[PDB]
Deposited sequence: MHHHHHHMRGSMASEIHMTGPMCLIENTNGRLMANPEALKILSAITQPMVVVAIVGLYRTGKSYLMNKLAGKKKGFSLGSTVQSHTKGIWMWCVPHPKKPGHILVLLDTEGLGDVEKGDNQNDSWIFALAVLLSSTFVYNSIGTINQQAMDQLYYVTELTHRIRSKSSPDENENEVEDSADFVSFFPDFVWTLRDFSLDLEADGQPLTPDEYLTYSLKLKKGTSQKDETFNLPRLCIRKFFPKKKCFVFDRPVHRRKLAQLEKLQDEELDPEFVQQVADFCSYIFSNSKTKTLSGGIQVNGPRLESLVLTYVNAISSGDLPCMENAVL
């Protein structure tokens, strides 16, 4: 049916535009949708992980260069491998912090759309969880509220942090951590009444409230090789064997746990209803708030 990805939201010269051809395809799919979007800094292996969710070696194209490759937001609608009669919709995004673009405002919009359109939202980083990403997640979360206002049980997405090229010991304060406990460690509140105790707390309170469920997975370097240039065409046997497992566990969690996308009121989102969200939210951005 849908034989490869297609640009859903174009990103050309500062302007975010819905692709009519993608909208057409969406308007033909009447099945309910599980929507999994991924965002993170550019050149962090996002497109590759998304191809795993499709069960394919190739799909969203990777790019082997210091330049950004994924632009705007791409979609790939494929049969949901565990829930009969559902469609799994994969949303692959333009990486954050491209120095060729140099446009933060534009980053925020893409980030925001990804959150607004998803039922599972995947934030992808290398090595560590880091405050600057947590600051940005919080900002975009709040912006998401302003966009919903401009038009106008929970229908906010569940949350996954994917840690790439993970090489450090999962320990803190003498104590081992699971990946999940590392995430909740990172969102832990300062006990104090004190003032700054409150500045520190407040973003964390907001992220914890916005995303109802949370999950964290670590991934080894895919390959031992010093270069990733040939990745698209290496079979599992040529990859690091614990990377392969880690990817399986991740996919299997997404397949088992990611909920059907839902409108406020509880109505389930299918093609025509996603098409109508895309336009609503792109129009709301094309206007003028920040």
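- Identify which parts of the deposited sequence carry no C-alpha coordinates, going from the N-terminal end onward. 1-16, 169-182, 321-328 are the stretches of the deposited chain that have no C-alpha coordinates in the structure.
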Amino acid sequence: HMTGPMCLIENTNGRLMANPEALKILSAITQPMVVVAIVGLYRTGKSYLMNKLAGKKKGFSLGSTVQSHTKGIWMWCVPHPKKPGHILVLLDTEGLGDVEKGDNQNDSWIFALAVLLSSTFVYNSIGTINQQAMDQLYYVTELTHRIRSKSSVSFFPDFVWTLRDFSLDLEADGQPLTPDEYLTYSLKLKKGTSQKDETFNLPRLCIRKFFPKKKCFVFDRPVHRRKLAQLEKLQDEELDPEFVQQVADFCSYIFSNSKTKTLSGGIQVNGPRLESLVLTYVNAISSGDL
From here on, numbers count along this sequence of modelled residues.
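- Query: On average, which has the higher Cα B-factor in the deposited entry, 273-281 or 10-18?
  - Reply: 10-18 has the higher mean C-alpha B-factor.
- Higher-scoring stretch by recorded Cα B factor average, 137-145 or 195-203: 195-203 has the higher mean C-alpha B-factor.
- Task: Name the residue from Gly63, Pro222, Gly45, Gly40 with the greatest C-alpha temperature factor listed in the entry.
- Result: Highest C-alpha B-factor among the listed options: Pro222.
- Query: If you compare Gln246, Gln67, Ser264, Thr70, which has the highest Cα B-factor in the entry?
  - Reply: Answer for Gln246, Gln67, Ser264, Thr70: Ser264, with the highest C-alpha B-factor.
- Going by what the PDB entry lists, where does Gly288 fall on CA B-factor within its chain: lowest, middle or highest third? Its C-alpha B-factor, which the entry lists for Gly288, ranks in the highest third among residues of this chain.
- Comparing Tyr123 with the other modelled residues of its chain, is its CA B-factor in the lowest, middle or highest third? Ranked within chain, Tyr123 CA B lands in the lowest tercile.
- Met50's Cα B-factor: lowest, middle or highest third of the chain? Its C-alpha B-factor belongs to the middle third of this chain's values.
- Task: Among all modelled residues of this chain, ranked by Cα B factor, put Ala112 in the bottom, middle or top third, i.e. lowest, middle or highest.
- Result: CA B-factor rank for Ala112: lowest third.
- Query: Within this chain, which third does the Cα B-factor at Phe159 fall in: lowest, middle or highest?
  - Reply: As the PDB entry reports it, the C-alpha B-factor of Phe159 lands in the middle third of its chain.
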